[PDB]
file run29.txt (compact mmCIF, C-alpha atoms and all ligand atoms)
# COMPACT_ATOMS: atom_id res chain seq x y z
CA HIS A 4 -2.69 1.04 -5.15
CA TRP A 5 -4.87 -1.48 -6.93
CA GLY A 6 -5.45 -4.95 -5.58
CA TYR A 7 -8.17 -7.47 -4.79
CA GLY A 8 -9.49 -6.14 -1.47
CA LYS A 9 -12.78 -4.46 -0.70
CA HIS A 10 -11.27 -1.00 -0.96
CA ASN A 11 -8.95 -1.46 -3.96
CA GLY A 12 -10.42 -4.41 -5.88
CA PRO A 13 -11.89 -4.78 -9.35
CA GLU A 14 -14.88 -2.48 -8.68
CA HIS A 15 -12.45 0.36 -8.00
CA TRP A 16 -9.98 -0.10 -10.84
CA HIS A 17 -11.87 2.10 -13.30
CA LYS A 18 -11.00 5.22 -11.29
CA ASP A 19 -7.30 4.88 -12.12
CA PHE A 20 -7.75 2.80 -15.29
CA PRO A 21 -10.87 4.03 -17.11
CA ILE A 22 -10.36 1.38 -19.80
CA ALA A 23 -11.74 -0.99 -17.14
CA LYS A 24 -15.13 -0.07 -18.65
CA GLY A 25 -13.89 -0.49 -22.22
CA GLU A 26 -15.18 -2.38 -25.21
CA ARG A 27 -12.93 -5.46 -25.06
CA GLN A 28 -12.31 -6.18 -21.38
CA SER A 29 -11.39 -9.55 -19.91
CA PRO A 30 -12.20 -11.98 -18.48
CA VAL A 31 -15.62 -12.92 -19.81
CA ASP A 32 -18.11 -15.69 -19.32
CA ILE A 33 -17.82 -18.25 -22.11
CA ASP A 34 -21.37 -19.21 -23.02
CA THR A 35 -20.61 -22.53 -24.68
CA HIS A 36 -23.89 -22.69 -26.56
CA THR A 37 -23.40 -19.21 -28.08
CA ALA A 38 -19.73 -19.64 -29.00
CA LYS A 39 -19.51 -20.60 -32.63
CA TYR A 40 -17.36 -23.21 -34.14
CA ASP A 41 -15.01 -21.59 -36.65
CA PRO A 42 -13.71 -24.29 -39.02
CA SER A 43 -11.12 -21.83 -40.35
CA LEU A 44 -9.39 -21.74 -36.95
CA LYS A 45 -6.15 -23.65 -37.04
CA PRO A 46 -4.84 -26.01 -34.37
CA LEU A 47 -2.78 -24.26 -31.76
CA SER A 48 0.97 -24.69 -32.09
CA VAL A 49 2.56 -24.73 -28.63
CA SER A 50 6.33 -25.04 -29.01
CA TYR A 51 7.74 -25.12 -25.48
CA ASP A 52 10.53 -27.70 -25.91
CA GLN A 53 13.24 -25.02 -25.72
CA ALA A 54 11.59 -22.94 -22.98
CA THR A 55 14.08 -21.39 -20.54
CA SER A 56 12.53 -20.51 -17.19
CA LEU A 57 14.54 -18.15 -15.06
CA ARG A 58 12.89 -17.00 -11.88
CA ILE A 59 9.71 -17.03 -9.84
CA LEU A 60 8.50 -13.76 -8.32
CA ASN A 61 5.78 -12.85 -5.83
CA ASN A 62 4.68 -9.47 -7.17
CA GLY A 63 2.02 -8.81 -4.53
CA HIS A 64 -0.81 -9.86 -6.87
CA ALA A 65 0.20 -13.38 -7.95
CA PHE A 66 3.42 -15.26 -8.57
CA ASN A 67 5.09 -15.08 -11.97
CA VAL A 68 7.31 -17.76 -13.44
CA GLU A 69 9.45 -15.80 -15.86
CA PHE A 70 11.12 -17.04 -19.02
CA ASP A 71 13.99 -15.91 -21.20
CA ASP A 72 12.12 -14.15 -24.02
CA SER A 73 15.20 -12.71 -25.76
CA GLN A 74 14.96 -15.42 -28.46
CA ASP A 75 12.25 -17.61 -30.01
CA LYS A 76 12.63 -20.40 -27.46
CA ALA A 77 9.06 -21.02 -26.30
CA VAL A 78 6.48 -19.79 -28.79
CA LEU A 79 2.77 -19.93 -29.47
CA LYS A 80 1.57 -19.87 -33.08
CA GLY A 81 -1.40 -20.98 -35.11
CA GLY A 82 -4.92 -21.01 -33.80
CA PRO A 83 -6.38 -17.54 -34.36
CA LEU A 84 -2.93 -15.96 -34.39
CA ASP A 85 -0.95 -14.41 -37.19
CA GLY A 86 2.76 -14.60 -36.58
CA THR A 87 4.77 -15.76 -33.60
CA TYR A 88 4.21 -15.02 -29.94
CA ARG A 89 6.99 -15.55 -27.40
CA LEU A 90 6.33 -16.87 -23.91
CA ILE A 91 7.36 -14.29 -21.31
CA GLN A 92 5.84 -15.64 -18.11
CA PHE A 93 3.02 -17.59 -16.56
CA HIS A 94 1.01 -17.00 -13.42
CA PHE A 95 -2.26 -18.12 -11.87
CA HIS A 96 -5.38 -16.63 -10.35
CA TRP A 97 -7.08 -18.62 -7.60
CA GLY A 98 -9.73 -18.53 -4.92
CA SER A 99 -10.04 -18.77 -1.18
CA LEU A 100 -12.32 -21.80 -1.76
CA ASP A 101 -12.36 -24.47 -4.45
CA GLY A 102 -15.64 -23.09 -5.82
CA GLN A 103 -14.08 -19.87 -7.13
CA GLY A 104 -10.80 -18.54 -8.44
CA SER A 105 -10.94 -18.57 -12.21
CA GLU A 106 -11.26 -15.35 -14.20
CA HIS A 107 -13.01 -16.77 -17.21
CA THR A 108 -16.11 -18.80 -16.48
CA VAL A 109 -17.78 -21.46 -18.60
CA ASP A 110 -21.57 -21.22 -18.64
CA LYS A 111 -21.11 -19.24 -15.42
CA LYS A 112 -19.09 -22.04 -13.82
CA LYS A 113 -16.05 -20.87 -11.84
CA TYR A 114 -13.01 -23.12 -11.63
CA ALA A 115 -10.71 -23.26 -8.60
CA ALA A 116 -7.96 -21.43 -10.47
CA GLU A 117 -6.80 -20.34 -13.90
CA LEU A 118 -3.32 -20.47 -15.41
CA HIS A 119 -2.26 -17.71 -17.80
CA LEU A 120 0.67 -18.35 -20.13
CA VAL A 121 1.51 -14.89 -21.45
CA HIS A 122 3.05 -14.41 -24.90
CA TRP A 123 3.93 -11.32 -26.91
CA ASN A 124 3.89 -10.80 -30.65
CA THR A 125 7.47 -10.78 -31.87
CA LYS A 127 6.69 -8.23 -34.58
CA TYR A 128 6.62 -5.61 -31.83
CA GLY A 129 10.10 -6.34 -30.50
CA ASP A 130 9.42 -6.22 -26.73
CA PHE A 131 6.52 -6.86 -24.34
CA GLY A 132 6.28 -3.17 -23.48
CA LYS A 133 5.67 -2.22 -27.10
CA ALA A 134 3.40 -5.21 -27.68
CA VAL A 135 0.94 -4.19 -24.95
CA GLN A 136 0.27 -0.99 -26.87
CA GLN A 137 -1.06 -2.94 -29.84
CA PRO A 138 -4.46 -4.60 -30.35
CA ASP A 139 -2.75 -7.84 -31.40
CA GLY A 140 0.20 -7.49 -29.06
CA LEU A 141 -0.34 -10.43 -26.72
CA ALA A 142 -1.71 -13.94 -26.78
CA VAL A 143 -2.63 -15.35 -23.40
CA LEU A 144 -3.25 -19.07 -23.17
CA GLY A 145 -5.71 -19.65 -20.32
CA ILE A 146 -6.09 -23.06 -18.69
CA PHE A 147 -8.61 -23.85 -15.99
CA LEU A 148 -7.67 -25.75 -12.83
CA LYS A 149 -10.11 -28.03 -11.04
CA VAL A 150 -9.36 -29.77 -7.76
CA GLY A 151 -8.96 -33.53 -8.02
CA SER A 152 -5.83 -35.51 -8.80
CA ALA A 153 -2.48 -33.80 -8.43
CA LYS A 154 -0.80 -32.29 -11.47
CA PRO A 155 2.74 -33.70 -11.28
CA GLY A 156 4.14 -30.97 -13.51
CA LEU A 157 2.90 -28.31 -11.10
CA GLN A 158 4.66 -29.68 -8.04
CA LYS A 159 7.99 -27.95 -8.65
CA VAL A 160 6.09 -24.64 -8.65
CA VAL A 161 4.21 -25.56 -5.47
CA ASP A 162 7.39 -26.52 -3.66
CA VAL A 163 9.19 -23.20 -4.23
CA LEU A 164 6.30 -21.04 -2.98
CA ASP A 165 7.56 -21.19 0.62
CA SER A 166 10.61 -19.25 -0.58
CA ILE A 167 8.54 -16.43 -2.12
CA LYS A 168 5.88 -16.04 0.53
CA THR A 169 5.74 -12.25 0.51
CA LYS A 170 5.55 -9.45 -2.04
CA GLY A 171 8.86 -8.71 -3.71
CA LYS A 172 10.51 -12.05 -2.99
CA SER A 173 11.94 -13.97 -5.92
CA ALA A 174 13.78 -17.25 -6.31
CA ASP A 175 15.79 -18.87 -9.04
CA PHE A 176 13.50 -21.11 -11.03
CA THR A 177 15.48 -22.59 -13.92
CA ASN A 178 14.75 -25.69 -15.99
CA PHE A 179 11.01 -25.70 -15.42
CA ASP A 180 9.13 -27.28 -18.31
CA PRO A 181 5.73 -25.61 -18.82
CA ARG A 182 4.60 -28.49 -21.03
CA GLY A 183 3.83 -30.24 -17.75
CA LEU A 184 1.01 -27.74 -17.11
CA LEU A 185 -0.98 -28.45 -20.27
CA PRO A 186 -4.04 -30.70 -20.57
CA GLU A 187 -4.20 -33.40 -23.23
CA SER A 188 -6.43 -31.51 -25.65
CA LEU A 189 -5.65 -28.15 -27.22
CA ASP A 190 -9.29 -27.47 -28.14
CA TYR A 191 -9.98 -23.84 -27.33
CA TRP A 192 -12.23 -20.81 -27.34
CA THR A 193 -10.84 -17.50 -28.52
CA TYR A 194 -11.91 -13.86 -28.39
CA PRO A 195 -10.27 -10.41 -28.36
CA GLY A 196 -9.79 -9.01 -24.88
CA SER A 197 -7.53 -7.32 -22.41
CA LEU A 198 -5.11 -7.77 -19.59
CA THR A 199 -7.18 -8.78 -16.57
CA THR A 200 -5.03 -6.67 -14.24
CA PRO A 201 -4.25 -2.95 -14.44
CA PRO A 202 -3.43 -1.34 -16.76
CA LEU A 203 -6.16 -3.50 -18.38
CA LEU A 204 -4.82 -2.79 -21.86
CA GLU A 205 -6.91 -4.10 -24.73
CA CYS A 206 -4.04 -5.95 -26.39
CA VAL A 207 -4.80 -9.64 -25.82
CA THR A 208 -5.99 -12.41 -28.08
CA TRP A 209 -7.38 -14.80 -25.49
CA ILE A 210 -7.07 -18.52 -26.12
CA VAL A 211 -8.86 -20.46 -23.39
CA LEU A 212 -8.51 -24.24 -23.43
CA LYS A 213 -11.64 -26.28 -23.02
CA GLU A 214 -10.04 -29.04 -21.01
CA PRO A 215 -9.12 -28.09 -17.43
CA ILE A 216 -6.14 -29.58 -15.71
CA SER A 217 -6.61 -31.28 -12.39
CA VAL A 218 -4.56 -30.22 -9.39
CA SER A 219 -4.78 -31.61 -5.91
CA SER A 220 -6.34 -29.89 -2.93
CA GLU A 221 -2.87 -29.84 -1.36
CA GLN A 222 -1.42 -28.05 -4.39
CA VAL A 223 -4.01 -25.28 -4.36
CA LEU A 224 -3.82 -25.04 -0.56
CA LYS A 225 -0.18 -24.10 -0.99
CA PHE A 226 -1.13 -21.31 -3.40
CA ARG A 227 -3.36 -19.94 -0.64
CA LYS A 228 -0.46 -19.74 1.83
CA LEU A 229 1.19 -17.00 -0.20
CA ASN A 230 0.87 -13.40 1.00
CA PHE A 231 -0.16 -10.21 -0.78
CA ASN A 232 1.84 -8.21 1.78
CA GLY A 233 5.57 -7.72 2.03
CA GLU A 234 7.71 -9.23 4.75
CA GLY A 235 7.23 -7.55 8.11
CA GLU A 236 3.71 -6.36 7.23
CA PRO A 237 0.43 -7.76 8.56
CA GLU A 238 -0.30 -11.06 6.88
CA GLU A 239 -2.90 -10.94 4.10
CA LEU A 240 -3.33 -14.29 2.40
CA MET A 241 -2.97 -14.17 -1.37
CA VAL A 242 -6.40 -15.55 -2.30
CA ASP A 243 -9.19 -14.42 -4.60
CA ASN A 244 -6.78 -12.61 -6.91
CA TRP A 245 -9.24 -12.87 -9.81
CA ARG A 246 -11.20 -10.28 -11.75
CA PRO A 247 -14.84 -11.28 -12.37
CA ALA A 248 -16.34 -11.67 -15.81
CA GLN A 249 -16.82 -8.42 -17.73
CA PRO A 250 -19.46 -7.52 -20.33
CA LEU A 251 -18.94 -9.26 -23.65
CA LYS A 252 -20.21 -6.17 -25.53
CA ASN A 253 -19.63 -6.39 -29.30
CA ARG A 254 -17.62 -9.60 -29.32
CA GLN A 255 -18.08 -13.15 -30.53
CA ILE A 256 -16.32 -16.06 -28.88
CA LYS A 257 -15.14 -18.61 -31.42
CA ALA A 258 -14.59 -22.31 -30.74
CA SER A 259 -11.93 -24.43 -32.41
CA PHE A 260 -14.05 -27.55 -31.96
CA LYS A 261 -17.57 -28.75 -32.67
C1 LIG B 301 1.46 -3.50 -18.82
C2 LIG B 301 2.64 -2.94 -18.02
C3 LIG B 301 2.28 -2.34 -16.67
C4 LIG B 301 3.79 -3.92 -17.95
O1 LIG B 301 3.78 -4.86 -17.23
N1 LIG B 301 4.93 -3.69 -18.78
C5 LIG B 301 6.05 -4.58 -18.79
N2 LIG B 301 7.10 -4.28 -19.65
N3 LIG B 301 8.19 -5.40 -19.50
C6 LIG B 301 7.73 -6.31 -18.56
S1 LIG B 301 8.78 -7.72 -18.18
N4 LIG B 301 9.96 -7.32 -17.01
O2 LIG B 301 7.97 -8.87 -17.80
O3 LIG B 301 9.42 -8.19 -19.42
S2 LIG B 301 6.32 -5.91 -18.01
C1 LIG B 302 4.29 -8.69 -16.16
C2 LIG B 302 3.81 -8.73 -17.62
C3 LIG B 302 4.86 -9.41 -18.44
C4 LIG B 302 2.45 -9.38 -17.77
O1 LIG B 302 2.35 -10.42 -18.15
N1 LIG B 302 1.39 -8.61 -17.31
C5 LIG B 302 0.11 -9.14 -17.31
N2 LIG B 302 -0.81 -8.43 -16.68
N3 LIG B 302 -2.09 -9.16 -16.76
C6 LIG B 302 -1.87 -10.29 -17.39
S1 LIG B 302 -3.25 -11.41 -17.60
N4 LIG B 302 -3.88 -11.77 -16.09
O2 LIG B 302 -4.24 -10.70 -18.47
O3 LIG B 302 -2.61 -12.59 -18.19
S2 LIG B 302 -0.36 -10.60 -17.87
ZN ZN B 303 -3.65 -13.52 -15.43
call {"tool": "encode", "arguments": {"input": "run29.txt", "output": "structure tokens"}}
result
Amino acid sequence: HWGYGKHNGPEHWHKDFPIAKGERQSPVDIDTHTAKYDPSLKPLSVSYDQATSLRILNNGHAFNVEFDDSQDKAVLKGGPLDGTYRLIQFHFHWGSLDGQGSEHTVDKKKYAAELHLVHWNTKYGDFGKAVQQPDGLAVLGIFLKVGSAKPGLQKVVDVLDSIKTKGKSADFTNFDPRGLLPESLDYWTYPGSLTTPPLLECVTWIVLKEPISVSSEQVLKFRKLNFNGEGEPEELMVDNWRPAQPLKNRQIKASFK
């Protein structure tokens, strides 16, 4: 089964998921000088005030904070998007060391981690149908650098001890994802894919320019999670990131000059 190890990591995924070598794969390097400002791009509309978190799950690849997506409670609109995209979950990708961990890079720079807030286009009714469509998902990507603590992340950090191993979940209600955003909503956007199998080419990527700061202690706690299930040899959940993929016939657009 796919993972992030030497024998099942990103270089192997194409054997089970040939789209891994497709025309709109993610992540990519964001070459800031080549991205073009698009004055027709609208400000992002992030409406998370009514978000209803439910649960946090270690799925053996990352941890997912899941939301009630049975109504328009937490939605992403505007920016490059047509229509309304409902928040379903967020998760992170992170490194074994502070110098790596992000999936997208900025002028080849790797951040310590990257947050993905996953949303699906409500015109397709459910996430499973949305992933079959070229405009099915909008993923809001936010870089993490190590510095000051992010207070809004701490409730996530503190529950990780209860979901150490693959398949463990915990109740995770009343978490406000607004506490994970940076000040600015300036962004880059391009058409891409899920960065994990099945690697479907269904994502409008919206990557914020401003990283959030998290403390070394916060990211250290991410690195104490396990890829393995309970009672199996311990494999630290680190370096669960896919490297940058060829941009191919795509232009990255910037919302800002
Ligand atoms: C892309 C594929 C493997 C996939 O993940 N499909 C899902 N369909 N519903 C989901 S759920 N429980 O988050 O709402 S995931
Ligand atoms: C579980 C389901 C709802 C889901 O969200 N699946 C994703 N698989 N890769 C994603 S990513 N790293 O491109 O944001 S999200
Ligand atoms: Zn992700």
call {"tool": "residues_near_ligand", "arguments": {"input": "run29.txt", "ligand": "ligand ZN 303 (chain B)", "cutoff": "7 Å", "atoms": "only C-alpha atoms and all ligand atoms", "output": "PyMOL selection string"}}
result
chain A and resi 94-96+118-119+199
call {"tool": "closest_residue", "arguments": {"input": "run29.txt", "among": "A:9, A:246, A:228, A:127", "to": "ligand LIG 302 (chain B)", "atoms": "all atoms listed in the file"}}
result
A:246
call {"tool": "residues_around", "arguments": {"input": "run29.txt", "residues": "residue A:172", "least_positions_apart": "3", "cutoff": "12 Å", "atoms": "only C-alpha atoms", "output": "list in words"}}
result
residues 58, 59, 60, 61, 62, 63, 65, 66, 67, 163, 164, 165, 166, 167, 168, 169, 175, 229, 230, 231, 232, 233 and 234 of chain A
call {"tool": "residues_around", "arguments": {"input": "run29.txt", "residues": "residue A:183", "least_positions_apart": "5", "cutoff": "12 Å", "atoms": "only C-alpha atoms", "output": "NGL selection string"}}
result
:A and (51-52 or 54 or 153-160 or 178 or 216-218)
call {"tool": "residues_near_ligand", "arguments": {"input": "run29.txt", "ligand": "ligand LIG 301 (chain B)", "cutoff": "10 Å", "atoms": "all atoms listed in the file", "output": "PyMOL selection string"}}
result
chain A and resi 67-73+91-92+121+123+130-136+198+200-204+206
call {"tool": "residues_around", "arguments": {"input": "run29.txt", "residues": "residue A:250", "least_positions_apart": "2", "cutoff": "10 Å", "atoms": "all atoms listed in the file", "output": "ChimeraX atom specification"}}
result
/A:24-32,247-248,252-254
call {"tool": "residues_near_point", "arguments": {"input": "run29.txt", "point": "(-13.8, -3.1, -6.1)", "cutoff": "12 Å", "atoms": "only C-alpha atoms", "output": "PDB file with C-alpha atoms, in the frame of the given file"}}
result
ATOM      1  CA  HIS A   4      -2.690   1.040  -5.150  1.00  0.00           C
ATOM      2  CA  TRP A   5      -4.870  -1.480  -6.930  1.00  0.00           C
ATOM      3  CA  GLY A   6      -5.450  -4.950  -5.580  1.00  0.00           C
ATOM      4  CA  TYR A   7      -8.170  -7.470  -4.790  1.00  0.00           C
ATOM      5  CA  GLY A   8      -9.490  -6.140  -1.470  1.00  0.00           C
ATOM      6  CA  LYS A   9     -12.780  -4.460  -0.700  1.00  0.00           C
ATOM      7  CA  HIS A  10     -11.270  -1.000  -0.960  1.00  0.00           C
ATOM      8  CA  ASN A  11      -8.950  -1.460  -3.960  1.00  0.00           C
ATOM      9  CA  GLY A  12     -10.420  -4.410  -5.880  1.00  0.00           C
ATOM     10  CA  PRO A  13     -11.890  -4.780  -9.350  1.00  0.00           C
ATOM     11  CA  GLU A  14     -14.880  -2.480  -8.680  1.00  0.00           C
ATOM     12  CA  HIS A  15     -12.450   0.360  -8.000  1.00  0.00           C
ATOM     13  CA  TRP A  16      -9.980  -0.100 -10.840  1.00  0.00           C
ATOM     14  CA  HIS A  17     -11.870   2.100 -13.300  1.00  0.00           C
ATOM     15  CA  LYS A  18     -11.000   5.220 -11.290  1.00  0.00           C
ATOM     16  CA  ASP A  19      -7.300   4.880 -12.120  1.00  0.00           C
ATOM     17  CA  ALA A  23     -11.740  -0.990 -17.140  1.00  0.00           C
ATOM     18  CA  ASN A 244      -6.780 -12.610  -6.910  1.00  0.00           C
ATOM     19  CA  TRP A 245      -9.240 -12.870  -9.810  1.00  0.00           C
ATOM     20  CA  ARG A 246     -11.200 -10.280 -11.750  1.00  0.00           C
ATOM     21  CA  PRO A 247     -14.840 -11.280 -12.370  1.00  0.00           C
TER      22      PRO A 247
END
call {"tool": "axis_aligned_box", "arguments": {"input": "run29.txt", "around": "ligand LIG 302 (chain B)", "padding_each_side": "8 Å", "output": "JSON"}}
result
{"center_x": 0.3, "center_y": -10.5, "center_z": -17.3, "size_x": 25.1, "size_y": 20.2, "size_z": 18.4}
call {"tool": "atom_distance", "arguments": {"input": "run29.txt", "atom1": "atom CA of residue A:170", "atom2": "atom CA of residue A:225"}}
result
15.8 Å
call {"tool": "closest_residue", "arguments": {"input": "run29.txt", "among": "A:120, A:259, A:41, A:103", "to": "residue A:181", "atoms": "only C-alpha atoms"}}
result
A:120
call {"tool": "atom_distance", "arguments": {"input": "run29.txt", "atom1": "atom CA of residue A:196", "atom2": "atom CA of residue A:138"}}
result
8.8 Å
call {"tool": "closest_residue", "arguments": {"input": "run29.txt", "among": "A:223, A:38, A:210, A:240", "to": "ligand LIG 302 (chain B)", "atoms": "all atoms listed in the file"}}
result
A:210
call {"tool": "decode", "arguments": {"input": "run29.txt", "residues": "stretch 62-78 of chain A", "atoms": "N, CA, C and O atoms", "output": "PDB file, in the first residue's frame"}}
result
ATOM      1  N   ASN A  62      -5.069   8.656  10.021  1.00  0.00           N
ATOM      2  CA  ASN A  62      -5.396   7.724   8.949  1.00  0.00           C
ATOM      3  C   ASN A  62      -4.188   6.956   8.435  1.00  0.00           C
ATOM      4  O   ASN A  62      -4.292   6.281   7.403  1.00  0.00           O
ATOM      5  N   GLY A  63      -3.054   7.026   9.134  1.00  0.00           N
ATOM      6  CA  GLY A  63      -1.848   6.349   8.706  1.00  0.00           C
ATOM      7  C   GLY A  63      -1.005   7.126   7.720  1.00  0.00           C
ATOM      8  O   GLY A  63       0.097   6.673   7.378  1.00  0.00           O
ATOM      9  N   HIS A  64      -1.482   8.281   7.266  1.00  0.00           N
ATOM     10  CA  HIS A  64      -0.735   9.163   6.379  1.00  0.00           C
ATOM     11  C   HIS A  64      -0.589  10.556   6.941  1.00  0.00           C
ATOM     12  O   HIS A  64       0.439  11.191   6.713  1.00  0.00           O
ATOM     13  N   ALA A  65      -1.584  11.040   7.672  1.00  0.00           N
ATOM     14  CA  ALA A  65      -1.596  12.324   8.349  1.00  0.00           C
ATOM     15  C   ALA A  65      -2.673  12.221   9.418  1.00  0.00           C
ATOM     16  O   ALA A  65      -3.198  11.131   9.682  1.00  0.00           O
ATOM     17  N   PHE A  66      -3.022  13.339  10.029  1.00  0.00           N
ATOM     18  CA  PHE A  66      -4.240  13.401  10.822  1.00  0.00           C
ATOM     19  C   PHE A  66      -5.230  14.361  10.180  1.00  0.00           C
ATOM     20  O   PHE A  66      -4.857  15.431   9.686  1.00  0.00           O
ATOM     21  N   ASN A  67      -6.495  13.965  10.169  1.00  0.00           N
ATOM     22  CA  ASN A  67      -7.555  14.765   9.574  1.00  0.00           C
ATOM     23  C   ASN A  67      -8.452  15.294  10.678  1.00  0.00           C
ATOM     24  O   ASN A  67      -8.969  14.521  11.491  1.00  0.00           O
ATOM     25  N   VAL A  68      -8.666  16.600  10.682  1.00  0.00           N
ATOM     26  CA  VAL A  68      -9.745  17.193  11.467  1.00  0.00           C
ATOM     27  C   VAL A  68     -10.944  17.323  10.546  1.00  0.00           C
ATOM     28  O   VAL A  68     -10.892  18.038   9.534  1.00  0.00           O
ATOM     29  N   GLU A  69     -12.007  16.612  10.882  1.00  0.00           N
ATOM     30  CA  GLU A  69     -13.169  16.481  10.023  1.00  0.00           C
ATOM     31  C   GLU A  69     -14.263  17.426  10.480  1.00  0.00           C
ATOM     32  O   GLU A  69     -14.419  17.691  11.678  1.00  0.00           O
ATOM     33  N   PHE A  70     -15.034  17.906   9.514  1.00  0.00           N
ATOM     34  CA  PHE A  70     -16.116  18.840   9.759  1.00  0.00           C
ATOM     35  C   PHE A  70     -17.436  18.279   9.263  1.00  0.00           C
ATOM     36  O   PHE A  70     -17.478  17.443   8.352  1.00  0.00           O
ATOM     37  N   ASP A  71     -18.515  18.755   9.868  1.00  0.00           N
ATOM     38  CA  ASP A  71     -19.847  18.486   9.343  1.00  0.00           C
ATOM     39  C   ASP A  71     -20.004  19.237   8.030  1.00  0.00           C
ATOM     40  O   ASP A  71     -20.072  20.469   8.020  1.00  0.00           O
ATOM     41  N   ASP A  72     -20.075  18.511   6.923  1.00  0.00           N
ATOM     42  CA  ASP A  72     -20.235  19.115   5.605  1.00  0.00           C
ATOM     43  C   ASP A  72     -21.593  18.778   4.997  1.00  0.00           C
ATOM     44  O   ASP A  72     -21.740  18.741   3.774  1.00  0.00           O
ATOM     45  N   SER A  73     -22.582  18.509   5.843  1.00  0.00           N
ATOM     46  CA  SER A  73     -23.935  18.219   5.377  1.00  0.00           C
ATOM     47  C   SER A  73     -24.777  19.479   5.196  1.00  0.00           C
ATOM     48  O   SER A  73     -25.946  19.379   4.805  1.00  0.00           O
ATOM     49  N   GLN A  74     -24.214  20.651   5.484  1.00  0.00           N
ATOM     50  CA  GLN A  74     -24.846  21.938   5.221  1.00  0.00           C
ATOM     51  C   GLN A  74     -23.742  22.933   4.922  1.00  0.00           C
ATOM     52  O   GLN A  74     -22.579  22.687   5.225  1.00  0.00           O
ATOM     53  N   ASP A  75     -24.125  24.081   4.353  1.00  0.00           N
ATOM     54  CA  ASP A  75     -23.195  25.187   4.099  1.00  0.00           C
ATOM     55  C   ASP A  75     -22.908  25.903   5.416  1.00  0.00           C
ATOM     56  O   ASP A  75     -23.488  26.943   5.737  1.00  0.00           O
ATOM     57  N   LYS A  76     -21.993  25.327   6.190  1.00  0.00           N
ATOM     58  CA  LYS A  76     -21.599  25.883   7.480  1.00  0.00           C
ATOM     59  C   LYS A  76     -20.261  26.598   7.427  1.00  0.00           C
ATOM     60  O   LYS A  76     -20.108  27.678   8.005  1.00  0.00           O
ATOM     61  N   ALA A  77     -19.281  25.994   6.772  1.00  0.00           N
ATOM     62  CA  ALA A  77     -17.956  26.572   6.597  1.00  0.00           C
ATOM     63  C   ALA A  77     -17.683  26.480   5.107  1.00  0.00           C
ATOM     64  O   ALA A  77     -17.590  25.376   4.561  1.00  0.00           O
ATOM     65  N   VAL A  78     -17.596  27.616   4.439  1.00  0.00           N
ATOM     66  CA  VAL A  78     -17.495  27.603   2.988  1.00  0.00           C
ATOM     67  C   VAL A  78     -16.410  28.546   2.508  1.00  0.00           C
ATOM     68  O   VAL A  78     -16.116  29.582   3.119  1.00  0.00           O
TER      69      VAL A  78
END
